[PDB]
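Structure first, commentary second.
Cβ: placed from backbone, ideal geometry, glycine included. Neighbour counts: every protein chain shown. Please treat every number below as a calculation from the coordinates, not as lab data.
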Amino acid sequence: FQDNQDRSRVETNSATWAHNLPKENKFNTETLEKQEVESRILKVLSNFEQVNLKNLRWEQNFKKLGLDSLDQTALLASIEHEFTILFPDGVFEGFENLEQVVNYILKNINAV
Amino acid sequence: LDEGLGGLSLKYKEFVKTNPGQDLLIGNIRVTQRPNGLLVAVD
Amino acid sequence: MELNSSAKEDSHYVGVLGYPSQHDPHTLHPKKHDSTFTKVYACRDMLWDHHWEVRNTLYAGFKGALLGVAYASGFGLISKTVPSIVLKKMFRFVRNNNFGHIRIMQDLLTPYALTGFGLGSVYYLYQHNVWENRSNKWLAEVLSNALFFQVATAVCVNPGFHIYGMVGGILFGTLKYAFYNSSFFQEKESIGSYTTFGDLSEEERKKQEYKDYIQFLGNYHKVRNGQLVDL
Amino acid sequence: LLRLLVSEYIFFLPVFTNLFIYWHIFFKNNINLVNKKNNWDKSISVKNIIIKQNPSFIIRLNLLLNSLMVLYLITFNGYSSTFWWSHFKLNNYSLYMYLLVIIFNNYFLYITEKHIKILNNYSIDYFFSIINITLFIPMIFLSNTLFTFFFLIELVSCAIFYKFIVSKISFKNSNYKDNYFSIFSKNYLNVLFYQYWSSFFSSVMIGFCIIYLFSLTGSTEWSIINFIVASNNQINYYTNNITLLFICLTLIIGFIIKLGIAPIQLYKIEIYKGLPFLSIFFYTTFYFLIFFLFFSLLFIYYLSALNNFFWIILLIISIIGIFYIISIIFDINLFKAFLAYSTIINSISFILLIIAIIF
Amino acid sequence: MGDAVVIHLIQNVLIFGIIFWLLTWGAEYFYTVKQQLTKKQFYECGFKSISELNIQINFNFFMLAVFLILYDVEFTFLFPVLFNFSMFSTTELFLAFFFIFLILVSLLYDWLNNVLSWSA
Amino acid sequence: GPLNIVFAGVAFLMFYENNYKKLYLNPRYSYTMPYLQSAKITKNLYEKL
Amino acid sequence: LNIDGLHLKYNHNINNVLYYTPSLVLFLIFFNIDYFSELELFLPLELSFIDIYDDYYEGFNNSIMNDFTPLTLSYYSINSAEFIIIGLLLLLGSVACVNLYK
Amino acid sequence: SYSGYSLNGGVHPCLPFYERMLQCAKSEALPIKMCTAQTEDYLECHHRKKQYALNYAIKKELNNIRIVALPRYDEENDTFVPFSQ
Amino acid sequence: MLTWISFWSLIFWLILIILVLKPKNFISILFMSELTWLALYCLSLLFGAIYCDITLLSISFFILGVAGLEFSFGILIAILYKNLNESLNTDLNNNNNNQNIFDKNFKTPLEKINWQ
Amino acid sequence: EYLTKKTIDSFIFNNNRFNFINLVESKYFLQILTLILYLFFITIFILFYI
Amino acid sequence: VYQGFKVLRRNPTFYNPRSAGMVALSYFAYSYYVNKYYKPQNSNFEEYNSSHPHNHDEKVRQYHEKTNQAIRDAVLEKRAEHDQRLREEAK
Amino acid sequence: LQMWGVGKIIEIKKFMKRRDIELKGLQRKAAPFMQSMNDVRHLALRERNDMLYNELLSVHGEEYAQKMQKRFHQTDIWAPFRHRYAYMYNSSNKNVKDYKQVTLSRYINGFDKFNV
C-alpha cells in the first residue's frame, strides 16, 4: 500500500551534528524570537547611557529617547553589527522607532 | 632443549672414547650412531 | 565453486570408479597402549559428525549470525541515522576507554547477530523436521521458503510487506532448487555415461548397440517421414 | 635477431599509413589561417579573418580511409597464426570482428556526415577524436594477451576522454534574460569526473588481475592460460580456490565498473546527462560493438577454462542488477536517463544470455 | 645505488648539526634582546603587512608542469635503449627513432597551439 | 617489581645466550666480533680468526 | 588551490564506527591470497645452498655491464607494441590536455 | 607473454619445461589428458609447491628430538666423518 | 613479521579502502590514486623478482607512465574546478544534510519569506 | 485492482523512497567499495560454508 | 643550527601514542592469525602424501595422481604395442 | 667536430672490445677448475641435506620419503629451488657480509681478508 500522507524520503533527512535537538525540517529559515531581539537591542542600548531602559516603551521616536541623528545612525549600525545583517538604504533611513527595527529583524531569516 | 641436545652430543664423545661402537644409555632414551655417521636419540 | 556437494554425490558411480567418498567414516578410534591425553584429544570427532542434530543447529545459527553481522556491516548501520547526542556520548566513551571501539561494535552488532542466529536455527529446524519427506521436492522447497520468508518479513520488517516476503520466498525456493538441490554448472559425471555389469561379451554388446543405432535412426524427421532424395 | 620477417608486421602497414595521413592533415589544418601576402602580391578581394570550418570534409576523409581499410580486408591473405611476438592473433573470427566494427563505424560516420550540414555544433577536434577511436578499436578486437588488450583499452579510453573534453559548452540561443547574471551548468565537470574515476578503478583492477595471472600461469596469452587451468583441474596440483576466485572476481568487477553495469550504473546516467546526442550515438555504438562484445568473449572464448568460477559470480550480479533497477528505472524524468537505462537493461539481458551460453 | 652506510652518515650529519646548535646556543651569552612592539612582526619594506595567511598565487603556467610530468616519463622510457645501444638492430633503432619523432610532434603541437606561455 | 625483575632476567639470558652462541659453537672464519677475534693476516682461504 | 591548511571540518568517527571498522575486520578475517610462502626464519638458513652455486662458463660469456638489459629486452624486443602504444597514448594525452586548457 | 628470458637477459629456468609442454600439447589429439606429466613438471618449476611441502614436513620433523648430531665434513676430501670422532 | 606477498596484496587493498574512506576532496583522491599506482608498482616488481619474469618490470615503468598521464589529467580537472562554481570538497556541492560535517548549512538566497 | 496493479506500484514507490535521484561523489565511491568487498564476502561464504 | 629541542619538543615520540599502540597490537594479532591459523589451513600440508589420509582433499589429490599415472601407463603400453605391430607388418 | 669525436669514441670502444676478447680468453682458461670446485662443494651440501632428509622422513615409511623428495617427472632438466631470483649487479651479490660488517668495513680495518 502507498500512503500519500507519508512524504518522507532520503532527500528530507535533516539531522545535523551541531544541533543536539534536531530541527523541524531541513529549511534553515528559522527566525529569531521577539524577546531575544528585544533583549539584544537592550544590550546594545546600554552603551548609549542617555537612554533609560527601566520603563522604556518601544513606540517612541528616537529623538524623544535622547538620540539625535548621529546617535540614531550609531545605534542602528550597532544593532546591525549585533545581528550580523545589513539594512537597505530605504530601510535604514525609514526607521523611526525601535518597534520597526524589531519587526524587521523578526521578519529576517539571515539574522543570527 | 638445545642445552639437552648439546649435552648428548658431548657425552657420546667420551662414551665412544672408551666404548667404540656401543650405544649410550641415559634416562629412558638410547643414543645410537647410524652407519652414515648420524647420531640419533631413539626411545 | 560448489554448493551442497556432499548431498549430491552419486555413491554407486563413486564406488565403481574408486573415487573418495564424502560419506566415508571420518572418525578417530583411539587404541590402547596410548596415553590419557590423546584419549581426550581424539574426542574432537564429535564436531565432524554431520548426523549430530545439536551440532547442525549450532552451525546453522552461526552461519545466520555471520550473515546478519555482514549485512549490518555493509548495508544496515550506514543507512540508519543515529542521534547526535548518542554519537557524542559514544565518542566520549571511546575517549575514556582503552578499547572502547570494541564495546561500541558489540552494542551495534548484537541485535543483527542475534537475529541471524535465531533465523538460521529456526530455518534449519523447520526444514529438517517438516519438509524433508515430501515427494515433490520443488513444490516443497517453494512452499516452505515462501511461508518462512513471509513470516520473517512480517516479524523482522513491517508486517504490511508480507506479500513481498512471500514472493521473495518463492523466488528463493526456486533458486535453491535450481542450484542448491540440483546440480547445474557443477556436475561430477559426464552426460550419457553408464556402467556395465553383465557377463556379456563384446560381440553381444556390439550387436545391441547396432540395434540401438537402428532405433535411433528413427528420431530424424526426414528419415522417419521418408523425405530423403536419392543421393 | 638475424632476420625480421614481414609476416611479423605486415598487418600494421595500412594502420600506420592511415595514422600518418590523418595526423598530417590535422597538423596542416591547424595552420589553415596563415597565408602571407607579400608586397608584390595583389588581392582580388579583402581577406576574411573570422572563419568557422565545417568539419564535413574531415568526416569524409575518415570515411574514405575507413573504406580503404575495408578493401585491405577484402583482398586479405595469409595463415592463421600470431604476429609480433605472439602479441596479436590473425584468424578468421578476429578478422571478421575487425571487418564488422569497421563497416558499422563507416555507416555511423556516413549518417553523421549527412547530419552535420543541418547545423554545425561540433568542432574539427571532435571528429579527430572520433577518427582516432575508429582507427584503434578493431585492434582491441585483434588482441592476443591481457597485457596488450589492457594497453589498447587505455589508448581508446584516452581517445574517448579526448572526445568528451571537446564537447561544445556555450550556445547561441534566443534566451536574452541571462546577461549580467551568473548561471552554473556543472554538466561538463560531472562527465569528466566520473569518466576519469571509472577509468582509474577499472585500470588498477585490470593491472592487479594481470599481475596475478602472470603469477599463476607465467603468461597472459589466452591459449596458455586456458591450457594451464584445464590441465591443473585434471592434475589437482594448484588447489588454491581462493586465489582463482579472487582473480575472477577482480576481473569481473573491473569490467563492471568500466562498463557501468547495473550494480554500478549510476554514473552513466550523469555522463549521458552531460553529453550531446551525437556523442551518445557514437558512444553507444562503441560500447555495444567493442566493450560489451569483448566482455562477453571473456567468459565465452578467452577465459572459458575459468567458467566453473565465473558463472556463479555472473549469476549473483545479474540477480542484484535486476532487483536494483526494477524500481529505479521508474523514477527518472530525463531523455538521456531513459536512453542510458535502455542500454543498461539490454546489457543485463545479454549477460543472462551469456550465462545461458556458457552452460 | 647505495648501502647501509647512508643511514649512519645521515645520523653523523645530524650530530654535526648538533655541533652547530651548541655553538649557536653558546653565542647567546654576548647580546640581549629587548621586547618591542613591531620587532616580532612581519617585515614589508618598513610598513605594516595587511595579510598573513591568504597569500595566493595565480599559477597561470600550469601547462608547463603538465607537460613536464609527461616528458619525464618520455625520458625515463628513453634511458634503456641509450644504455644498451651497442646491441641495437632494426627493431630497436626504428622504435627509438619513432619514439623521438612522437616527442617532437607533441612539442610541435604544443607550440602551434601556444600553451607554452603566460595567460591572463 | 617482581615481573620487571623476571623480564630483566629473561632479557639478560637472551643477550648472553646470543653472545655465547656467536662466540662459541660457531665457526670463526670471517670478522664479525671485533676485539675478540684475531685481526691477523691470513694466507689460506680457511684460517680460524 | 589551498594556500592555507584550513580544510573541511569532517568527523571520521561516525563512518568508522558505522561502516569501515566491521568491513575491515571481515575483510582481514577472510582475505588471504598467499598460497605458500615462508618467512626467512621458517627453516634454518644452513639448509639453503643455491645462493652459493656459481656457474663460471656463462660468467666469461657474459658481456653485460649494466642492469638495463631486461628493460631493454622487454621495451624494444618483446613488449615493443605496448611501448608504441604508450607513446601514442602520451601524444593523444598531450593533445587532449591542450584541448582541455582551451 | 612468456618470453623465456631471465632477469639478467639470459634464459628462463623453466624454458625446457615450457617447450616440452607445448610440444606435447601441439602433437596429441587429447592434449589435456595426454600431457599431464609435462604440465605438472612445468607447474612445479613455476610454483615450487612440492619443495614447500617438503620444507614443511622437514620443519615438523625437526621440531622433535629425532636428531642429535650430524657428521662433519672435511674440506680435503669428499668424505663425512661422524661427530663422535 | 608478515610475508611480503600477503603484506603487499593487503597493502594495495587497504590503500583502496582508505581512498574510499577519506573525505571527497579531489586533490586528496588524486594523491591517494597516485599512491595506489605506486603500490601496484611495488607488487609487480616483487612478483617479477619472485618468478624471474621480465614483463613485470615493464609493468612497473608502464605504471609510471600511466600514473603520470592520469596525474596531468587530474591537475587539469582541478583547475577546471576553479572556473566552474564548484568546491574542491564535493560534499559542499549538494544540499543533502551530512552528519559527518560540523558546519554544513545552506539556505535560499532570500532576505525574508513573508511580506504580509 | 490492488492485488494485481497497486501492489507493484506501491512496491516501486516505496523502494524509490530510498533512492537519491542525483548521484553524489561519496555515494559513488562507497557503492564501488561495497560492491568489491561484499561480492568478495558472499563468494567466499558460498565457497566455505555453502 | 640543527636545533633539536625546537624541532622535537612539539612532537617527540608520537602525536597520539594510544593510537600508535593500537596499530602495533592489531598488526601483531593479524600476523599471528595469518601465520599460525589461516595460511597453514589453506595450504593443507598437514596430511600431504600421508599413507592414511583423513582430509577429503588429500584423498582426492591422491586419487587424481594415481589415476593419471594409470592412464599414462596404459596409453604408453598400447602405443608401444601398436607401433611394434605396425613396424612388424611393414616389413 | 661532432662527427670526428663520435668516430674517436667508437675507436676507443673497439679497442676495448679487442682487449675484452683477450680477457675473455684468459677467463675461459681459468673457468673449468673454478667450476669443478663449485660443483664439488654444492654436491657436498646436497648430500648432507639428502642424508638429513632421509633420516628425518624414514620414520613415516620408506615409500613416504621418496614420494616427498620427488619433484619432477622428467629427470633430465635441472631446475633447483629458489625463493627468489637475483637481478642487481648482473644477478650477483656485492655485499656478502652482515649489515654491521657492511657499515663497519668501510671505516674499520681487519674486516677484509685480502684475496691475493
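Is chain B rounded, prolate or oblate when judged by the Cα gyration tensor, a ≥ b ≥ c being the square roots of its eigenvalues, rounded requiring a/c under 1.5 and prolate requiring a/b larger than b/c? Please list the in-between numbers first.
Working: a/c = 1.42, a/b = 1.30, b/c = 1.09.
Note, shape of chain B comes out rounded.
Could you pull out every one of the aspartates and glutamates with an alpha carbon less than 18 Å from that of residue C:31, ignoring same-chain neighbours closer than 8 positions? Cross-link targets: C:45. For the stretch H:19-85, evaluate the Debye formula with one uniform point scatterer on each Cα (no solvent term) and list log10 I(q)/I(0) at q = 0.13, 0.26 Å⁻¹, rounded to two decimals. Taking Cα atoms of the stretch H:19-85 as identical point scatterers yields -0.67, -1.03.
About the Cα centre of the protein assembly as shown, how large is the charge dipole given +1 on each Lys and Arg Cβ and -1 on each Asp and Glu Cβ? Please answer in debye to the nearest 20. My answer is approximately 2300 debye.
Here the ratio of the Cα radius of gyration of chain L to 2.2 N^0.38 Å is 1.78. Ordered by the count of other Cβ atoms within 10 Å of each Cβ, fewest first, F:33, C:105 give F:33, C:105.
Principal-axis analysis of the Cα atoms of chain K puts helix K:56-90 at an angle of about 40° to the longest axis.
Each 5 Å bin from 0 upward holds the following percent of the Cα-Cα pairs of chain E: 2, 7, 8, 8, 7, 7, 10, 11, 11, 10, 7, 5, 4, 2, 1, 0. Taking E:55, E:18, E:103 as the candidate residues, the one with maximal mean-square fluctuation in a Gaussian network model of chain E, Cα springs under 10 Å, is E:18. Computed with the Debye formula from one identical point scatterer per Cα of chain K, without solvent, the log10 of I(q)/I(0) at q = 0.15, 0.19, 0.24 Å⁻¹ comes to -0.84, -0.97, -1.12. With an a/c value of 1.5 or above and a/b not larger than b/c for the gyration tensor axes a ≥ b ≥ c computed over the alpha-carbon atoms, chain D is described as oblate. The spacing between the stretch A:4-31 and the stretch C:1-34, judged by their C-alpha centroids, is 62 Å. Measuring against 25 Å, Cα to Cα, the residue pairs A:107/I:104; C:188/K:78; D:273/I:24; C:188/K:59 contain C:188/K:78 as the ones spanning a longer distance.
Given the C-alpha atoms of the protein assembly as shown, compute the convex hull and give its volume per residue in Å³.
390
The mean number of Cβ atoms from other chains found within 10 Å of a Cβ in peptide D:208-214 is 6, as a whole number. Beyond 32 Å in Cα-Cα separation lie the following of the pairs B:17/C:32; D:336/J:6; C:137/C:207; A:34/I:22; C:8/C:211; A:26/C:89: B:17/C:32; C:137/C:207; A:34/I:22; C:8/C:211.
Can you compute log10 of I(q)/I(0) for chain F with the Debye formula, treating each Cα as one identical point scatterer, at q = 0.23, 0.30 Å⁻¹? Relative scattering, expressed as log10 I(q)/I(0), comes to -0.84, -1.09.
Across peptide K:32-40, the average count of Cβ atoms from other chains found within 10 Å of a residue's Cβ is 4.
Ranked by the mean number of other Cβ atoms within 10 Å of their residues, highest first, the peptides C:1-11, I:51-61 fall in the order I:51-61, C:1-11.
Geometric descriptor of the stretch D:1-131, per residue, is 181 Å³ (volume of the convex hull of the Cα atoms). Fewest neighbouring Cβ atoms within 10 Å first, the residues H:14, H:24 line up as H:24, H:14. Cα centroid distance between the stretch I:68-116 and the stretch H:1-25, in Å? The stretch I:68-116 and the stretch H:1-25 have Cα centres separated by 56 Å.
Diagonalising the gyration tensor over the Cα atoms of the stretch C:154-231 and scaling each eigenvalue by 5 before taking the square root yields semi-axes of 51, 23, 9 Å, largest first. Each 10 Å bin from 0 upward holds the following percent of the Cα-Cα pairs of chain J: 20, 24, 27, 26, 2. Under a Gaussian network description of chain L, with springs only between Cα atoms under 10 Å, the residue in L:87, L:99, L:64 that fluctuates furthest is L:99. Above 16 Å, the calculated P(r) of chain G contains 84 percent of its Cα-Cα pairs. Pick from D:203, D:86, D:94: which is most flexible by mean-square fluctuation in a GNM of chain D where alpha carbon atoms under 10 Å apart are linked? Looking only at D:203, D:86, D:94, the largest GNM fluctuation is found for D:86. Restricting the chymotrypsin sites (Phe, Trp or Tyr not before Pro) of the stretch K:14-68 to loop positions (DSSP other than H, G, I, E, B) with no more than 16 neighbouring Cβ atoms within 10 Å leaves K:14, K:15. Taking the Cα atoms of the stretch C:13-165, the ratio Rg/Rh between the radius of gyration and the Kirkwood radius comes to 1.13. Computed from the Cα positions only, the extents of the stretch A:1-96 along the three principal axes stand at 68, 29, 23 Å, in decreasing order.
Kirkwood radius, the stretch D:139-270, all distinct C-alpha pairs, inverse of mean reciprocal distance: 17.9 Å. Any chance you could count the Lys pairs in chain H whose alpha carbons are under 26 Å apart, treating pairs 8 or more apart or on different chains as valid? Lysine pairs satisfying the spacing and distance rule in chain H number 6. In straight Cα distance, which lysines are under 22 Å from residue J:5, not counting same-chain residues fewer than 8 positions off? Cα-Cα hits under 22 Å: none found.
Peptide E:62-69 shows a mean partner chain C-beta count of 6 within 10 Å per residue C-beta. Above 21 angstrom, tally the Cα pairs of the stretch C:57-147 and express them as a % of all pairs, no decimals. For the stretch C:57-147, the share of Cα pairs beyond 21 Å comes to 51 percent.
Net charge of the neighbourhood of residue E:3, taken over other residues with C-beta under 9 Å away and scored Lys/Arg +1, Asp/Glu -1, is +2. Given their separation in residues at 0.36 nm each and the Cα-Cα distance between them, residue C:211 and residue C:114 gain 28.5 nm when the chain is fully extended. Sum up the charges of everything whose Cβ sits under 15 Å from the Cβ of residue H:29, counting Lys and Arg as +1 and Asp and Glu as -1, but leave residue H:29 out. With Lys, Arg at +1 and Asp, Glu at -1, the neighbours total +3.
In terms of packing, defined here as the mean over residues of other Cβ atoms within 10 angstrom, the peptides H:65-73, A:3-11, C:52-60 line up highest first as H:65-73, C:52-60, A:3-11.
Our note on the geometry: Cα centres of the stretch G:2-63 and the stretch D:171-220, 30 Å apart.
Note on residue L:70 and residue K:79: with the Förster distance fixed at 25 Å, the Cβ-Cβ geometry gives a FRET efficiency of about 0.55. Here chain E is scanned for chymotrypsin sites (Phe, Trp or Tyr not before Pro) in DSSP loops (not H, G, I, E, B) that have at most 11 other Cβ atoms within 10 Å, and the longest stretch holding none of them is E:60-117.
Over the stretch C:1-76, the hull volume per residue, using the convex hull of the C-alpha atoms, is 163 Å³.
When we measure straight from the Cα of residue C:80, which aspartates and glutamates land under 17 angstrom away, once same-chain ones fewer than 8 places off are left out? Filter leaves A:11, C:107.
For chain I, rounded, prolate or oblate, judged on the Cα gyration tensor with a ≥ b ≥ c (square roots of eigenvalues), a/c < 1.5 rounded, else prolate if a/b > b/c?
In terms of gyration-tensor shape, oblate.
Cross-link pairs exceeding 28 Å in C-alpha to C-alpha distance, out of F:43/L:97; D:186/I:107; F:43/L:14, comprise F:43/L:14. Pairs of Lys residues in the stretch D:1-136, spaced 8 or more positions apart or belonging to different chains, with C-alpha separations under 29 angstrom: 15 in total.
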